[PDB]
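S.K.: Submitted below is the structure of interest, expressed as C-alpha cells.
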Amino acid sequence: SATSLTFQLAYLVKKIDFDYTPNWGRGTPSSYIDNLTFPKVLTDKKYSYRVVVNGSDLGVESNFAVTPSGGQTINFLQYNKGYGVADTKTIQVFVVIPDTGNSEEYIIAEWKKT
Amino acid sequence: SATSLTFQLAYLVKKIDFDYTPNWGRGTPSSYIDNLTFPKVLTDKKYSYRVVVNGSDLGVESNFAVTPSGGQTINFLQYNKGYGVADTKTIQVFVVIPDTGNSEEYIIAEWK
Ligand SMILES: [Br-]
Ligand SMILES: [Br-]
Ligand SMILES: [Br-]
Ligand SMILES: [Br-]
Ligand SMILES: [Br-]
Ligand SMILES: [Br-]
Ligand SMILES: [Br-]
Ligand SMILES: [Br-]
Ligand SMILES: [Br-]
Ligand SMILES: [Br-]
Ligand SMILES: [Br-]
Ligand SMILES: [Br-]
Ligand SMILES: [Br-]
Ligand SMILES: [Br-]
Ligand SMILES: [Br-]
Ligand SMILES: [Br-]
C-alpha cells in the first residue's frame, strides 16, 4: 500500500522530496500528446526514460533539461519521428536507472484515455 | 531496494516530501535521551508513536505538536514516567497508523 511503501522508504532513506504528478502536454492539433512534465524529479543521478506506445517500444532518451525548480519535460517528438502520439493510444513511460544496461526500470506514468 | 521503493511510491502517490532523519535530544544528565525529533513529518493523517525500551513496550502517545516547518518532537518523558532513557538502552519507535485499531505500524527510528 501507499502507506507501507511510504514508511518502509522513510525508515531506509530518511528524507525525500519529489513530484512525479504527470502533466500531459498537447500538440497541434490538440488530439496529439506531445510531452509529459514532472514538476520535481529526483536529480541525484542521470535518469533516462523509455516510452512505449500501444506496446511498441520507442526506446530510451535522457536529454531533457531539468529546470532549477526541479521540473523535467519528456518530449515525445524525440521518440516518435517528430510527431506527438494520438491521444487514443496508450502511452507508458518508464524511468530507467543508469549504469544498469537499461535493465532496471520502473513504470512512472501512463496515458490511457477514457 | 531503496530505488525500487522510491519509484513504486512515486508512481502510486505522485508527490511526497518528508524528513524522518532521527535527531536524538539529550537530557540532564546528558547520558539520558529525552526525545526524538523528525524535521518534516507527514501530516495527512493523525499519526501516533509507540515506544519500546530494551524490548519493554511503553505504549502509544500522540500529543506532540507539529511545528509550521513540519517538525515534530516525540518526548520520551511522556512515556517513561517523567524520565528520559539511559543511552545504554535500545529505543525503538514505531509510527502507528490511525483508524486501524492500532494494529498497523512501522519502525520509524531506532537508538542502539
Ligand atoms: Br494504496
Ligand atoms: Br490542448
Ligand atoms: Br539515454
Ligand atoms: Br524526427
Ligand atoms: Br525521423
Ligand atoms: Br502515434
Ligand atoms: Br514497473
Ligand atoms: Br499515471
Ligand atoms: Br508530503
Ligand atoms: Br529537526
Ligand atoms: Br495516542
Ligand atoms: Br503525559
Ligand atoms: Br509515562
Ligand atoms: Br506516571
Ligand atoms: Br530508562
Ligand atoms: Br533510525
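Numbering starts fresh at 1 for the residues of each chain in the C-alpha cells, the chains themselves are lettered A, B, ... in the order given, and ligands are numbered from 1 as they appear.
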Using only C-alpha atoms, determine which residues lie at most 8 Å from residue 71 (chain B), disregarding the query and same-chain residues fewer than 5 positions distant; provide the list as a VMD selection string.

M.R.: chain B and resid 37 to 41 66

S.K.: Taking N, CA, C and O atoms for each residue, export the selection above as an mmCIF file, in the first residue's frame.

M.R.:
```
data_model
loop_
_atom_site.group_PDB
_atom_site.id
_atom_site.type_symbol
_atom_site.label_atom_id
_atom_site.label_comp_id
_atom_site.auth_asym_id
_atom_site.auth_seq_id
_atom_site.Cartn_x
_atom_site.Cartn_y
_atom_site.Cartn_z
ATOM 1 N N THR B 37 13.400 13.971 17.465
ATOM 2 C CA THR B 37 12.792 14.960 16.583
ATOM 3 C C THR B 37 12.989 14.602 15.123
ATOM 4 O O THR B 37 14.100 14.274 14.697
ATOM 5 N N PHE B 38 11.889 14.663 14.370
ATOM 6 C CA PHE B 38 11.899 14.493 12.924
ATOM 7 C C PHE B 38 11.687 15.866 12.259
ATOM 8 O O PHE B 38 10.746 16.557 12.620
ATOM 9 N N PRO B 39 12.553 16.299 11.337
ATOM 10 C CA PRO B 39 12.410 17.644 10.742
ATOM 11 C C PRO B 39 11.191 17.906 9.882
ATOM 12 O O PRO B 39 10.761 19.058 9.781
ATOM 13 N N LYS B 40 10.638 16.882 9.246
ATOM 14 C CA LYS B 40 9.465 17.108 8.405
ATOM 15 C C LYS B 40 8.611 15.856 8.325
ATOM 16 O O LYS B 40 8.818 14.988 7.489
ATOM 17 N N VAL B 41 7.660 15.754 9.237
ATOM 18 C CA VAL B 41 6.769 14.610 9.244
ATOM 19 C C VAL B 41 5.619 14.793 8.272
ATOM 20 O O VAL B 41 5.294 15.903 7.840
ATOM 21 N N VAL B 66 3.018 19.480 15.819
ATOM 22 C CA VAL B 66 3.773 19.603 14.588
ATOM 23 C C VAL B 66 3.992 21.106 14.383
ATOM 24 O O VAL B 66 3.030 21.887 14.367
#
```

S.K.: If the cut-off is 9 Å, can you tell me the residues of chain B near chain A, counting only C-alpha atoms? I'd like them as a count of residues only.

M.R.: 30

S.K.: Please extract the residues at most 12 Å from ligand 2, counting only C-alpha atoms and all ligand atoms, and provide them as a short mmCIF file (atom, residue, chain, number, x, y, z; two decimals) with N, CA and C atoms, in the first residue's frame, using the chain letters and residue numbers of this document.

M.R.:
```cif
data_model
loop_
_atom_site.label_atom_id
_atom_site.label_comp_id
_atom_site.auth_asym_id
_atom_site.auth_seq_id
_atom_site.Cartn_x
_atom_site.Cartn_y
_atom_site.Cartn_z
N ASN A 23 1.92 15.63 -15.95
CA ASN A 23 1.30 16.72 -16.69
C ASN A 23 1.50 16.45 -18.18
N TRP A 24 0.42 16.12 -18.88
CA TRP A 24 0.48 15.75 -20.28
C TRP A 24 0.23 16.98 -21.13
N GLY A 25 1.17 17.31 -22.00
CA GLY A 25 1.02 18.49 -22.84
C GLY A 25 0.58 18.09 -24.23
N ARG A 26 -0.33 18.86 -24.82
CA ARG A 26 -0.88 18.52 -26.11
C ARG A 26 -0.21 19.30 -27.21
N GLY A 27 -0.31 18.77 -28.42
CA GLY A 27 0.33 19.37 -29.58
C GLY A 27 -0.65 20.06 -30.50
N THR A 28 -0.28 20.11 -31.78
CA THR A 28 -1.09 20.73 -32.82
C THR A 28 -1.32 19.70 -33.95
N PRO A 29 -2.55 19.21 -34.14
CA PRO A 29 -3.71 19.55 -33.31
C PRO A 29 -3.71 18.94 -31.92
N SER A 30 -4.63 19.41 -31.07
CA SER A 30 -4.64 19.07 -29.65
C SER A 30 -4.95 17.63 -29.33
N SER A 31 -5.35 16.86 -30.34
CA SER A 31 -5.62 15.44 -30.17
C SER A 31 -4.32 14.63 -30.01
N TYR A 32 -3.17 15.27 -30.23
CA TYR A 32 -1.87 14.63 -30.01
C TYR A 32 -1.30 15.00 -28.64
N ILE A 33 -0.75 14.01 -27.95
CA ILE A 33 0.02 14.22 -26.72
C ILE A 33 1.48 14.32 -27.14
N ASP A 34 2.08 15.48 -26.91
CA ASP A 34 3.44 15.74 -27.35
C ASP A 34 4.48 15.53 -26.26
N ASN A 35 4.06 15.62 -25.01
CA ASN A 35 5.05 15.57 -23.93
C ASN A 35 4.45 15.28 -22.56
N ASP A 87 -3.95 10.73 -28.93
CA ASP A 87 -4.47 10.53 -27.57
C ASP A 87 -5.36 9.29 -27.41
#
```

S.K.: Using only C-alpha atoms and all ligand atoms, tabulate the residues of chain A lying at most 10 Å from any atom of ligand 4, each with its closest atom pair and that distance in Å to one decimal, by chain and increasing residue number, as CSV.

M.R.:
```
residue,atom,partner,partner_atom_place_in_ligand_line,distance
A:77,CA,ligand 4,1 (Br),6.9
A:78,CA,ligand 4,1 (Br),6.5
A:79,CA,ligand 4,1 (Br),7.8
A:80,CA,ligand 4,1 (Br),6.9
A:81,CA,ligand 4,1 (Br),3.7
A:82,CA,ligand 4,1 (Br),4.0
A:83,CA,ligand 4,1 (Br),7.6
```

S.K.: For N, CA, C and O atoms, I'd like the residues from the last selection saved as a PDB file, in the first residue's frame.

M.R.:
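Result file is part_20.pdb:
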```
ATOM      1  N   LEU A  77       8.294  13.967 -29.171  1.00  0.00           N
ATOM      2  CA  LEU A  77       8.732  14.176 -30.553  1.00  0.00           C
ATOM      3  C   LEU A  77      10.130  13.593 -30.797  1.00  0.00           C
ATOM      4  O   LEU A  77      10.444  13.216 -31.926  1.00  0.00           O
ATOM      5  N   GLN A  78      10.935  13.500 -29.737  1.00  0.00           N
ATOM      6  CA  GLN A  78      12.283  12.930 -29.810  1.00  0.00           C
ATOM      7  C   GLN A  78      12.248  11.392 -29.950  1.00  0.00           C
ATOM      8  O   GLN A  78      13.244  10.776 -30.357  1.00  0.00           O
ATOM      9  N   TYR A  79      11.122  10.776 -29.613  1.00  0.00           N
ATOM     10  CA  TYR A  79      10.973   9.320 -29.708  1.00  0.00           C
ATOM     11  C   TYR A  79      10.154   8.863 -30.915  1.00  0.00           C
ATOM     12  O   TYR A  79      10.247   7.697 -31.334  1.00  0.00           O
ATOM     13  N   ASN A  80       9.336   9.767 -31.457  1.00  0.00           N
ATOM     14  CA  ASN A  80       8.283   9.400 -32.407  1.00  0.00           C
ATOM     15  C   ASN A  80       8.385  10.121 -33.749  1.00  0.00           C
ATOM     16  O   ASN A  80       7.378  10.545 -34.313  1.00  0.00           O
ATOM     17  N   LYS A  81       9.612  10.263 -34.241  1.00  0.00           N
ATOM     18  CA  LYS A  81       9.882  10.838 -35.566  1.00  0.00           C
ATOM     19  C   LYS A  81       9.299  12.233 -35.781  1.00  0.00           C
ATOM     20  O   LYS A  81       8.816  12.546 -36.876  1.00  0.00           O
ATOM     21  N   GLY A  82       9.348  13.064 -34.736  1.00  0.00           N
ATOM     22  CA  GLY A  82       8.915  14.448 -34.826  1.00  0.00           C
ATOM     23  C   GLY A  82       7.431  14.703 -34.659  1.00  0.00           C
ATOM     24  O   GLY A  82       6.982  15.828 -34.876  1.00  0.00           O
ATOM     25  N   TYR A  83       6.674  13.679 -34.266  1.00  0.00           N
ATOM     26  CA  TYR A  83       5.251  13.827 -34.024  1.00  0.00           C
ATOM     27  C   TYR A  83       4.931  13.407 -32.620  1.00  0.00           C
ATOM     28  O   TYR A  83       5.636  12.575 -32.034  1.00  0.00           O
TER      29      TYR A  83
END
```

S.K.: Could you give me, as a PyMOL selection string, the residues within 12 Å of residue 30 (chain B), counting only C-alpha atoms and dropping anything in the same chain fewer than 4 positions from it?

M.R.: chain B and resi 24-26+34-35+84-88

S.K.: How about saving the chosen residues, N, CA, C and O atoms kept, as a PDB file, in the first residue's frame?

M.R.:
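Saved the output as part_19.pdb:
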```pdb
ATOM      1  N   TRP B  24      18.208  12.754  18.039  1.00  0.00           N
ATOM      2  CA  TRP B  24      18.027  12.315  19.419  1.00  0.00           C
ATOM      3  C   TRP B  24      18.516  13.416  20.361  1.00  0.00           C
ATOM      4  O   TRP B  24      19.687  13.808  20.300  1.00  0.00           O
ATOM      5  N   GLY B  25      17.607  13.929  21.191  1.00  0.00           N
ATOM      6  CA  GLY B  25      17.918  15.012  22.108  1.00  0.00           C
ATOM      7  C   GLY B  25      18.171  14.481  23.496  1.00  0.00           C
ATOM      8  O   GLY B  25      17.488  13.577  23.971  1.00  0.00           O
ATOM      9  N   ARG B  26      19.158  15.064  24.166  1.00  0.00           N
ATOM     10  CA  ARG B  26      19.578  14.547  25.456  1.00  0.00           C
ATOM     11  C   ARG B  26      19.035  15.364  26.600  1.00  0.00           C
ATOM     12  O   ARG B  26      18.644  16.520  26.423  1.00  0.00           O
ATOM     13  N   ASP B  34      16.169  12.130  25.974  1.00  0.00           N
ATOM     14  CA  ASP B  34      14.840  12.578  26.368  1.00  0.00           C
ATOM     15  C   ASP B  34      13.832  12.637  25.242  1.00  0.00           C
ATOM     16  O   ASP B  34      12.632  12.646  25.496  1.00  0.00           O
ATOM     17  N   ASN B  35      14.285  12.685  23.997  1.00  0.00           N
ATOM     18  CA  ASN B  35      13.334  12.916  22.917  1.00  0.00           C
ATOM     19  C   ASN B  35      13.926  12.581  21.560  1.00  0.00           C
ATOM     20  O   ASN B  35      15.131  12.352  21.420  1.00  0.00           O
ATOM     21  N   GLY B  84      13.847  10.587  31.019  1.00  0.00           N
ATOM     22  CA  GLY B  84      14.385  10.119  29.754  1.00  0.00           C
ATOM     23  C   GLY B  84      14.901   8.674  29.892  1.00  0.00           C
ATOM     24  O   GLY B  84      14.746   8.008  30.928  1.00  0.00           O
ATOM     25  N   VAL B  85      15.558   8.205  28.837  1.00  0.00           N
ATOM     26  CA  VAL B  85      16.003   6.821  28.726  1.00  0.00           C
ATOM     27  C   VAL B  85      17.518   6.782  28.678  1.00  0.00           C
ATOM     28  O   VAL B  85      18.142   7.458  27.862  1.00  0.00           O
ATOM     29  N   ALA B  86      18.133   5.986  29.546  1.00  0.00           N
ATOM     30  CA  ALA B  86      19.580   5.850  29.526  1.00  0.00           C
ATOM     31  C   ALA B  86      20.080   5.472  28.129  1.00  0.00           C
ATOM     32  O   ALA B  86      19.520   4.568  27.488  1.00  0.00           O
ATOM     33  N   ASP B  87      21.135   6.142  27.667  1.00  0.00           N
ATOM     34  CA  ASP B  87      21.640   5.902  26.313  1.00  0.00           C
ATOM     35  C   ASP B  87      22.251   4.528  26.104  1.00  0.00           C
ATOM     36  O   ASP B  87      22.585   4.180  24.974  1.00  0.00           O
ATOM     37  N   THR B  88      22.361   3.750  27.178  1.00  0.00           N
ATOM     38  CA  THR B  88      22.864   2.399  27.078  1.00  0.00           C
ATOM     39  C   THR B  88      21.761   1.420  26.719  1.00  0.00           C
ATOM     40  O   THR B  88      22.050   0.245  26.490  1.00  0.00           O
TER      41      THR B  88
END
```

S.K.: Could you give me, as number ranges by chain, every polymer residue with an atom at most 9 Å away from an atom of ligand 12, counting only C-alpha atoms and all ligand atoms?

M.R.: B: 61, 63, 77-79, 81-82

S.K.: For the residues selected in the previous step, produce a file with C-alpha atoms as a short mmCIF file (atom, residue, chain, number, x, y, z; two decimals), in the first residue's frame.

M.R.:
```
data_model
loop_
_atom_site.label_atom_id
_atom_site.label_comp_id
_atom_site.auth_asym_id
_atom_site.auth_seq_id
_atom_site.Cartn_x
_atom_site.Cartn_y
_atom_site.Cartn_z
CA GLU B 61 1.14 8.59 22.55
CA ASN B 63 0.28 14.60 21.92
CA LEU B 77 9.22 11.78 29.31
CA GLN B 78 5.53 11.39 28.31
CA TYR B 79 6.05 7.60 28.07
CA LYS B 81 7.03 8.42 33.85
CA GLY B 82 8.80 11.80 33.58
#
```

S.K.: List all protein, DNA and RNA residues that have any atom at most 10 Å from ligand 3, counting only C-alpha atoms and all ligand atoms, and write the list as a PyMOL selection string.

M.R.: chain A and resi 46-50+59-64+96-98+102

S.K.: Just to confirm, what's the straight-line distance from CA of residue 90 (chain B) to CA of residue 58 (chain B) in Å (one decimal)?

M.R.: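 Atom-to-atom, CA of residue 90 (chain B) to CA of residue 58 (chain B), that is 12.8 Å.
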
S.K.: I need the residues in chain B that are strand (DSSP E or B) according to DSSP; give them as a ChimeraX atom specification.

M.R.: /B:15-19,23-26,32-38,40,48-53,56-61,66,72-75,85-86,91-96,105-111
